[PDB]
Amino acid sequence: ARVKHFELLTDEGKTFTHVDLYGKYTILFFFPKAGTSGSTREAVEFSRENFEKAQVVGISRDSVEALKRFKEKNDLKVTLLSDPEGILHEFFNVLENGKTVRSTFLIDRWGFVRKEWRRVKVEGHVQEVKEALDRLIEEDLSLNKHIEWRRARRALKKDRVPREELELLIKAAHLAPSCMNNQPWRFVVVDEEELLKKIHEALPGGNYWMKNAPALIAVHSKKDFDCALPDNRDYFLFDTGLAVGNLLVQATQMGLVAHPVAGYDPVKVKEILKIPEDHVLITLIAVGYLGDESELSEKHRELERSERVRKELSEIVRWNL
């Protein structure tokens, strides 16, 4: 769970709070009492490592003065928290039979606990924690796996997608932010065969692959549904884009292809789906489980099995001036 708001004094008499957890990874190590052999070893061993993108914080029920002495005598280079009242000891549930059970936690940049060790054995502990931290940082500070995996796949199974799954795609989309929280996005989820077959007639030849999709999501909006600000800053389609971005990530996580297209007759599709004529039908999203690439044109099959194609980063981003 997330670490609650709190305030504790450090070995330096300073106030350490939840805010001091934010923006860093934290190794939080609970020890029973400053000065003992095992706890001295643990603190010294944590102190002598160099943790990439993390801080080390020791915590016990000791007094500030005791912790200060503990640090001074061992030349410790970590923060120590005095928790005489056991506020965090209780929150992390490290007390048993009234005594502290040596325990260690990894906390992320939002303050969420990501890993724990209970009934810690000091021998080998720091190295195990170090290795777990490196793995956690590798996981979080690398490209999101769903963003990376999402492709404009065109091979779709005909198997029906359960409505509860389709609905989750919409729920995720709806959690996008928007100007003034206008939420300008609108969706028509189509999973009725007869309706689908009518929409198929409004598709160009190159979108034959959409005909396998057991579901299509029509995404529409209207300018006055959102902010329209100076210098041509109309937000309705941008914000709807934020929503569809979420939708594709959610689909990819769920093992669904969600492929937004522009290839269709908008007037016909709006007519079929009874979408107001003054709305923009900005995309039609084909949704389905992954199917059989051998049904695709050679061109589409090659796009599908080939690597991502993008401009060099320098063509789309500049740093300062």
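Numbers for residues come from their place in the sequence shown, where the first is 1.
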| property | result |
| --- | --- |
| Between the two ranges 111 to 119 and 85 to 93, the one averaging a larger CA B factor in the entry | 85 to 93 |
| 192 to 200 versus 166 to 174 - which carries the larger mean C-alpha B factor in the record | 192 to 200 |
| Residue, from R153, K145, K71, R233, that the PDB entry assigns the highest Cα B-factor | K71 |
| Top Cα B factor in the deposited entry, candidates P260, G58, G288, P276 | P276 |
| Chain-wide C-alpha B factor ranking for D224, given as lowest, middle or highest third | highest |
| Cα B factor band for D239 (lowest, middle or highest third within the chain) | lowest |
| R310 - which third its CA temperature factor falls in, relative to the rest of the chain | lowest |
| Chain-wide C-alpha B factor ranking for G245, given as lowest, middle or highest third | lowest |
| CA B-factor ranking of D140, expressed as a third of its chain | lowest |
